[PDB]
Each structure stands twice: as C-alpha cells, then as structure tokens.
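Lettering follows sequence order; numbering is per chain, from 1.
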Amino acid sequence: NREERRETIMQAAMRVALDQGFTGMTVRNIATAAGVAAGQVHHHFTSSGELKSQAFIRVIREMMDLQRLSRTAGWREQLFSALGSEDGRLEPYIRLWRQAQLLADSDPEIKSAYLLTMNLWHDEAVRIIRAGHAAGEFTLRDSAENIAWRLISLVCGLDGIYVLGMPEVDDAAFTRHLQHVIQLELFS
Amino acid sequence: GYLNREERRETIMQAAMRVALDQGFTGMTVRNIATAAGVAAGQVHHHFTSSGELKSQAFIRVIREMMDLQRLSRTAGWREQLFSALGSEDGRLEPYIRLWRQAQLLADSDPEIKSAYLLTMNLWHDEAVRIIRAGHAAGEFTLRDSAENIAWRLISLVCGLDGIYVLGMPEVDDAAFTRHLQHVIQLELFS
DNA sequence: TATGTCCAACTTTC
DNA sequence: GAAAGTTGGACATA
DNA sequence: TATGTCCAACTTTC
DNA sequence: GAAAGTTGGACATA
C-alpha cells in the first residue's frame with residue numbers, strides 16, 4: 001500500500017523541525033518541503049498538533065539512533081554516551097529537545113510527547129546499567145531505574161545551567177561532572 | 001507622605017515583591033505594582049530604568065527572601081542544613097519556588113530575567129558551598145572533590161529532578177524527590 | 001485594540 | 001467521492 | 001485592550 | 001524661593 005505519501009510528509013516535518021524548530025512546523029512549510037498540496041497534510045494526519053508531536057518523536061528516535069551507532073569499549077563509556085555524548089551531529093536534535101521542554105509548559109500535546117522521550121531516554125539508561133551490572137562492571141547499591149532518573153536529572157539540570165552562560169559549567173565541566181557521578185553511582 | 005529616594009524605591013520594590021509572590025510575573029504591571037505600593041504609576045519610572053529592571057530586581061529580592069527563610073530553619077546538623085538549602089519541604093517556600101520556575105522559562109526570552117536568574121543560581125551555589133565547607137571543617141562531610149564541584153552537581157540534580165517532577169511523572173513524586181536528594185548527599189559527602 | 005499568523009471545517013469543482 | 005479551493009475565527013502579538 | 005514609557009504641573013520639604 | 005518629591009495623564013506600544 002502507498003503509505004509513502006504519509007512518510008514523505010512526515011520526513012518533511014522532521015527536516016523542518018531540525019532546521020526551523022517547532023515555530024517553522026506549519027502546514028504550509030511542511031507541505032512545501034514535502035512537495036504536496038496543503039490539503040494532503042490533513043488527509044494523512046488528524047491535525048497539525050499530531051504531526052508536530054509524531055514528527056518530534058521521530059526526530060528524537062533518529063537522535064538516539066545516531067548516539068547508538070557510536071560503539072564504545074565498555075559499559076561505562078556507553079552510559080556516558082547515552083547520557084552526554086559529545087558527538088556534534090546530535091546538536092540540532094538536542095536543540096529541538098530543549099524547545100520541546102519549554103513548550104511542554106504551555107502545550108499539552110508537546111508535553112505528552114516530551115514525557116515519552118524522557119521515558120525512552122530512561123529506558124536506554126536502564127538497559128545499559130542492567131547490562132553493565134550483569135557484566136560485573138557496575139556495582140549497584142540501588143535500582144537501575146532510580147540510578148537512571150538521577151543521572152538524567154543531573155544531565156538536565158546541568159544543561160539548564162550550561163545554556164545560561166556559566167563559564168564555570170562548560171562542555172568540559174559537563175563531561176567531568178557526568179563521569180564523576182557515574183563513578184559514584186556504579187563504581188562504589 | 002513624602003519619602004526620600006531610597007525609602008520611596010523600597011516601597012515600590014516591596015510592592016513588586018508581594019505582587020510577584022501573589023500573582024507571578026504576569027501580575028507585575030506598572031499600575032498594579034504602583035497601586036499595591038499606594039503610589040502614583042509614574043513613581044515606578046522615577047526610580048527604575050524600566051519595568052524589566054523592576055521585575056528582575058524584585059524577582060531577585062523574592063529569591064533572597066526565600067533563602068533567608070530556609071537559612072533560619074534551625075537545623076540540627078550540616079547534613080540537615082544542606083538538605084534544607086537544596087530540597088526543603090517547608091510549604092512556606094512553595095510560592096517562592098513557583099516564581100523561580102517561572103523565571104527559568106522567561107529567561108529564554110528575556111535577557112534581564114536571564115541575567116537575574118543567573119545570579120540566583122550563583123547565590124544558591126554560594127550557600128551550598130559554604131555549608132559543604134562548614135560540614136567538612138566540622139568533621140561531618142567527607143570531601144573527595146572541591147565544594148564548588150559538589151555544589152553544582154547537587155544543585156543540578158535538584159533542578160533536573162524538579163523539571164521531571166513538574167512533568168507529572170508518577171515514578172518521580174515528592175517522596176521520590178526527597179529520597180533521591182538524600183541519596184546523592186550520601187554519595188558526595190559520606191563516601 | 002488590531003494586526004499578523006495559522007488551521008480545521010466548509011464549499012466548489014472535477 | 002476525492003481533490004482543490006475558500007472560509008471563519010482562533011491564537012498570539014504590534 | 002492594557003501595558004510601558006515619559007513629562008509638565010502640582011505638593012511638600014528645605 | 002529653590003529643591004525635592006509626587007501626581008495624573010498623554011502618548012506609543014506588547
């Protein structure tokens with residue numbers, strides 16, 4: 001069945017999302033990027049809110065794909081990558097991710113989508129912690145689920161300060177802080 | 001009656017503070033603050049460059065007042081003091097916290113508020129550093145890192161958890177928040 | 001206010 | 001019945 | 001609307 | 001009488 005038209009529109013939304021952010025994700029812009037009439041967008045999606053939400057989730061999934069293709073030499077390093085990869089190709093995705101966090105306060109649809117990405121992120125960290133524990137590399141004094149929420153909280157809070165302009169919390173300090181908490185949570 | 005410049009400014013600032021806590025930034029209009037202070041609307045710009053300056057400075061004062069409340073909590077130890085400065089469950093602080101959250105978001109579109117929010121983070125950090133240094137000197141805290149690094153990580157944990165908590169995450173409620181904060185304090189200062 | 005922007009429903013055309 | 005075209009007002013903002 | 005900005009007249013203090 | 005402080009509104013603007 002020719003579901004390619006829906007995927008064509010979706011991929012247009014993904015590209016507009018990464019290039020212009022949520023502000024640029026109008027029916028007209030997406031339709032132009034997809035090369036279709038504006039009527040077809042509603043013909044394949046209930047509303048623009050659904051499209052923006054689904055397209056945002058697709059972008060976050062692509063981000064996680066990009067993070068996973070980086071192979072590391074240990075579960076410690078794979079956890080750091082999953083929580084704070086330095087790969088520059090993730091920057092456009094992280095930018096959209098931050099915008100969704102802000103819009104979540106006023107948009108319930110984006111809030112729902114944003115909440116899902118947190119769970120997808122949490123699940124990823126949980127899988128890595130459980131594997132490293134079974135490998136004998138990680139020592140667990142607490143549940144993987146609890147450890148993962150604290151590490152994600154550490155990253156989000158530290159990133160909230162980083163974006164402000166703190167010279168004391170730059171990319172270098174971010175790395176050292178993340179490595180330090182991994183040491184405390186999983187190597188004690 | 002008539003007041004000197006410093007006194008008049010404080011009356012306007014005090015009104016701006018109570019409006020912020022009662023109605024948030026949205027309620028902090030020139031006329032609403034001036035009426036709350038009992039002064040002519042023009043008095044605001046006689047004593048502040050702009051409403052943006054007034055909002056930012058008043059916001060800072062509110063956060064300061066919050067930090068005063070927490071600091072006078074009469075704790076029984078440096079651990080309890082640090083927990084209070086990071087995650088006090090005192091219900092009196094909630095109106096201050098809601099304004100704090102509001103400023104974090106507005107900082108994305110308002111440089112004045114962003115600069116003011118930046119200051120509150122430093123003020124918060126300064127207090128955490130002092131408590132950590134005090135507990136270390138008192139023999140209560142064990143430090144494997146500088147108090148400055150420890151403080152930023154504890155503050156980041158709090159800010160990060162609060163963001164998740166605000167989302168409605170059932171696995172991260174008020175009880176979990178406390179447990180997580182108490183647990184990281186153990187890792188950082190008692191390991 | 002009122003002005004720019006945007007969209008889900010409606011209308012016409014084929 | 002489907003695509004193309006039009007509407008009216010919602011929404012945020014000058 | 002309603003909200004920010006600014007000022008010429010007015011009132012109090014010196 | 002001058003200086004300081006205050007007022008209400010005009011005007012433009014988010």
Side-chain angles (χ1 to χ4, degrees), chain A residues 1-10 12-13 15-17 19-56 99-100 102-113, chain B residues 1-20 22-59 99 102-103 105-116:
Chain A
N1 194 17
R2 183 178 293 275
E3 279 290 347
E4 303 161 4
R5 303 199 304 179
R6 178 179 173 88
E7 181 64 5
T8 299
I9 298 172
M10 180 71 73
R15 284 184 273 101
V16 173
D19 176 59
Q20 306 178 230
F22 285 97
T23 300
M25 302 179 72
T26 62
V27 179
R28 302 183 178 91
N29 293 6
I30 297 174
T32 301
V36 300
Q40 293 299 315
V41 183
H42 288 82
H43 186 255
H44 290 272
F45 297 87
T46 303
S47 59
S48 60
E50 186 184 34
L51 178 56
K52 293 168 64 178
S53 177
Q54 294 183 2
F56 162 71
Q99 192 179 20
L102 304 182
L103 295 175
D105 184 75
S106 61
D107 190 323
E109 296 189 26
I110 295 174
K111 182 176 181 178
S112 175
Chain B
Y2 276 26
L3 300 173
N4 59 69
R5 171 157 283 266
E6 299 295 353
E7 288 178 337
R8 189 83 281 161
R9 176 178 158 97
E10 183 63 6
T11 63
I12 298 172
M13 186 85 74
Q14 289 293 338
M17 293 180 226
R18 70 134 72 78
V19 172
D22 301 341
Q23 301 171 283
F25 287 95
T26 299
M28 301 186 70
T29 69
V30 177
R31 295 174 176 78
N32 191 38
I33 297 172
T35 306
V39 303
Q43 289 286 55
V44 174
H45 286 71
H46 285 331
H47 297 262
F48 294 87
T49 306
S50 64
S51 60
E53 172 176 314
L54 174 58
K55 292 185 182 185
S56 297
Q57 292 182 359
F59 155 71
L99 187 70
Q102 201 176 17
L105 304 180
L106 295 172
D108 187 68
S109 62
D110 189 321
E112 278 173 312
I113 294 169
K114 177 175 180 176
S115 180

Interatomic distance at [atom1], [N] relative to [M], whole Å:
{"N": "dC7(E)", "M": "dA10(D)", "atom1": "P", "result": "40 Å"}
{"N": "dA12(F)", "M": "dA2(C)", "atom1": "P", "result": "15 Å"}
{"N": "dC11(F)", "M": "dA14(D)", "atom1": "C1'", "result": "15 Å"}

In whole Å, I'd like the distance from the [atom1] atom of [X] to the [atom2] atom of [N].
{"X": "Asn4(B)", "N": "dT12(E)", "atom1": "CG", "atom2": "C1'", "result": "14 Å"}
{"X": "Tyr2(B)", "N": "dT11(E)", "atom1": "OH", "atom2": "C1'", "result": "4 Å"}
{"X": "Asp110(B)", "N": "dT13(D)", "atom1": "CG", "atom2": "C1'", "result": "16 Å"}
{"X": "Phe22(A)", "N": "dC6(C)", "atom1": "CZ", "atom2": "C1'", "result": "17 Å"}
{"X": "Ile30(A)", "N": "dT5(C)", "atom1": "CD1", "atom2": "P", "result": "18 Å"}
{"X": "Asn32(B)", "N": "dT3(E)", "atom1": "CG", "atom2": "P", "result": "8 Å"}
{"X": "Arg5(B)", "N": "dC14(E)", "atom1": "CZ", "atom2": "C1'", "result": "17 Å"}

Original post:
About how many Å separate CD1 of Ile12(B) and CD of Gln57(B), when rounded to the nearest 0.5 Å?
Top reply: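 If I round to the nearest 0.5 Å, the distance is 11.5 Å.
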Subject >> Euclidean distance, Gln23(B) CD relative to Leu99(B) CG, rounded to 0.5 Å >> reply: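 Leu99(B) CG to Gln23(B) CD: 12.0 Å, rounded to 0.5 Å.
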Subject >> Residue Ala37(A), side-chain atoms from C-beta onward, closest of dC7(C), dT7(F), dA4(D) >> reply: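 Closest of the options to the side chain of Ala37(A): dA4(D).
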Subject >> Min side-chain heavy-atom separation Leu51(A)-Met25(A) under 4.5 Å >> reply: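 SC-SC contact between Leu51(A) and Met25(A) ruled out.
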Original post:
Hey, does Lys111(A) have a side-chain heavy atom less than 4.5 Å from the side chain of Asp105(A)?
Top reply: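 Of all side-chain heavy-atom pairs linking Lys111(A) with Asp105(A), none is under 4.5 Å.
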Original post:
For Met28(B) and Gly1(B), take the nucleotide of DNA chain E holding the closest heavy atom to each; which residue's nucleotide lies nearer the 5' end?
Top reply: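 Nearer the 5' end of the strand: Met28(B).
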Original post:
Which dot-bracket string fits DNA chain E when only Watson-Crick or G-U wobble pairs with both atom distances under 3.5 Å count, crossing pairs get [ ], and | stands for a partner on a different strand?
Top reply: |.||||||||||||
Subject >> Partners meeting side chain to side chain contact (heavy atoms under 4.5 Å, CB included) with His46(B) (sequence neighbours left out) >> reply: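 By the side chain to side chain contact (heavy atoms under 4.5 Å, CB included) rule, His46(B) matches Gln43(B).
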Original post:
Closer than 4.0 Å, any side-chain N/O of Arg8(B) to the OP1 or OP2 of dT6(F)?
Top reply: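 Answer is yes, contact under 4.0 Å.
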Using modelled atom types and a 3.5 Å cut-off, is there a donor and acceptor pairing between side-chain atoms of [X] and backbone atoms of [Y]?
{"X": "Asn1(A)", "Y": "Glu3(A)", "answer": "no"}
{"X": "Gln102(B)", "Y": "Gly24(B)", "answer": "no"}
{"X": "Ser115(B)", "Y": "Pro111(B)", "answer": "no"}

**OP:** Identify the residue among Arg9(B), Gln14(B), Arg8(B) that makes a side chain to side chain donor-acceptor pair (under 3.5 Å) with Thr11(B).
**Re:**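 Single side chain to side chain donor-acceptor pair (under 3.5 Å) partner of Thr11(B) among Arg9(B), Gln14(B), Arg8(B): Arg8(B).
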Original post:
With a 3.5 Å cut-off and just heavy-atom distances, do the side chain of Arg31(B) and the base of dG4(E) make a donor-acceptor pair?
Top reply: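 In this structure, the two groups form a donor-acceptor pair.
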Original post:
So which of residues 42-59 of chain B are in contact with DNA chain E, with a heavy-atom cut-off of under 4.0 Å?
Top reply: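 Result for residues 42-59 of chain B: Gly42(B), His45(B), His46(B), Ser50(B), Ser51(B), sorted by number.
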